[PDB]
Every structure is written in structure tokens, then in C-alpha cells.
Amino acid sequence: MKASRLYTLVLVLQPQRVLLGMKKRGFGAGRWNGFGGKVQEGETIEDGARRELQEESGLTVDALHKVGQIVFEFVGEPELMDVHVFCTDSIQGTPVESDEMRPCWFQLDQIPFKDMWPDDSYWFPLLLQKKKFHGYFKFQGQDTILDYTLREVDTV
């Protein structure tokens, strides 16, 4: 059995567009991604998600809703990434570039899948249909999925 580390991922999903951030450095740099990072000691997962959204995009929200959970395994890394995925209830400010992320709005017929993590092609359509999900993806490196599982659930 493996240990897992808690991460968050936040999608600001509005009726016709979604906010994504171009990762400027670190893990997954060069790909569009939701906003998020490691959960810190003391905070709930949801509060860590709100904190990372504020740090990385400038947006301050009072509440998120859980939409999914995805476990990532990487060849050669024993620690799993346990990623808790959230969507915003509402927003009330503008996105701002941070050192980690450059935010940009994408229309929902222009989701930039080819420049996102490959797993997003599988689970992001469920998020768009407002369906909750559990996923697991094993990667060789950054590009190649060796095994994956994706299941719709009633409760995340």
C-alpha cells in the first residue's frame, strides 16, 4: 500500500466559460490547469482550495462545491497525489496573474484539452455535465497514461 498527499483543484465554471491557469513554473508547467496545490496543516480541504484559488488567481470566494476526487500515481514515485476537485458557487472579482499561474477564460466550445493534463480529457466532460466522479490515473512521466479508472458517483 502507498501513502497519499492531499491536493486541491478548483474550476471556476460559469454557464459559457471556464477559468484556467497557465502553469508558469513547477509541477505541470506549460499546461492549462485548474487552480490548486497542497493542503496545509490546520485547514480543511475546502478551505485549502479557497486559499489556493486566491493565491493563484486572485479570486476570493466564500464557498466551493465538491465535484470529484482523482488519485494520481507516477512511475518511480511512491507517494500518490490525492486531488480533491471543486467548482465555484459564485465569484465577485477579476482574475489576476500570480507567480504560479496566468489565468485566462476559455469558452466551453474551446476547452484547450491538447494543452491540459491528458487525464482532463476524461474527467472534465463529467464536470461540464455536472456529474460527480472518482478517478485514478497512473502516469509514466507527464504524457503517458498506463492505467486509469473513472466512475460516476452520487457522493464524492
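So that there is no doubt, residue numbering starts at 1 and follows the sequence shown. Between two forms, the rigid core is the largest collection of C-alphas that superpose within 1.5 Å.
In 6 other deposited structures of this protein, rigid core aligned: more displaced of 63-71 and 86-94 by C-alpha RMS
Looking at 63-71 versus 86-94 in 6 other deposited structures of this protein, the farther one turns out to be 86-94.
If you line up the core and then measure how far each C-alpha sits from this form in 6 other deposited structures of this protein, which stretch comes out higher, 99-107 or 52-60?
The more displaced stretch in 6 other deposited structures of this protein turns out to be 99-107.
Once you work out the mean C-alpha B-factor for both 121-129 and 103-111 from the entry, which is higher?
Of 121-129 and 103-111, the stretch with the higher C-alpha B-factor average is 121-129.
Mean temperature factor over C-alpha atoms, higher-scoring stretch between 61-69 and 84-92:
Mean CA B-factor is higher for 61-69.
Per the entry's Cα B factor values, which of 134, 24, 17, 138 stands out as the maximum?
Of the options given, 24 has the highest CA B-factor in the PDB entry.
Considering every modelled residue of the chain and its Cα B-factor in the PDB entry, is residue 5 in the lowest, middle or highest third?
Tercile = lowest for this residue's CA B-factor.
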